[PDB]
């Protein structure tokens, strides 16, 4: 079920970058740079992501077409208004 696996990875990570979650997720926001980017390694270590894959290359594949998040090099951010969310590390 690799297509379903990719969809579950996408939905879980798009949840972390939803406004509903970001409002309260200080740990995640303290890991952003000033552009909102944080390492995909951090996301890949979260328990719900580990429950789907331990292979970070499948995460990149699952997110390739996301309209919520944007991947640059090995980091990911929320696309919309990215500077609203970072917090002092």
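For clarity, a rigid core is taken as the largest C-alpha set superposing within 1.5 Å between two forms. Residue numbers count along the first chain shown, from 1.
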**OP:** Quick one: core-superposed, which stretch strays further from the shown model in 8 other deposited structures of this protein, 60 to 68 or 25 to 33? Go by RMS C-alpha distance.
**Re:** 60 to 68
Subject >> 9 to 17 versus 63 to 71 - which carries the larger mean C-alpha B factor in the record >> reply: 63 to 71
**OP:** Among 43, 32, 52, 56, single out the one with the highest C-alpha B factor in the record, please.
**Re:** 56
**OP:** Using the B-factor values recorded in the entry, state whether the Cα atom of residue 24 falls in the lowest, middle or highest third among the modelled residues of its chain.
**Re:** highest
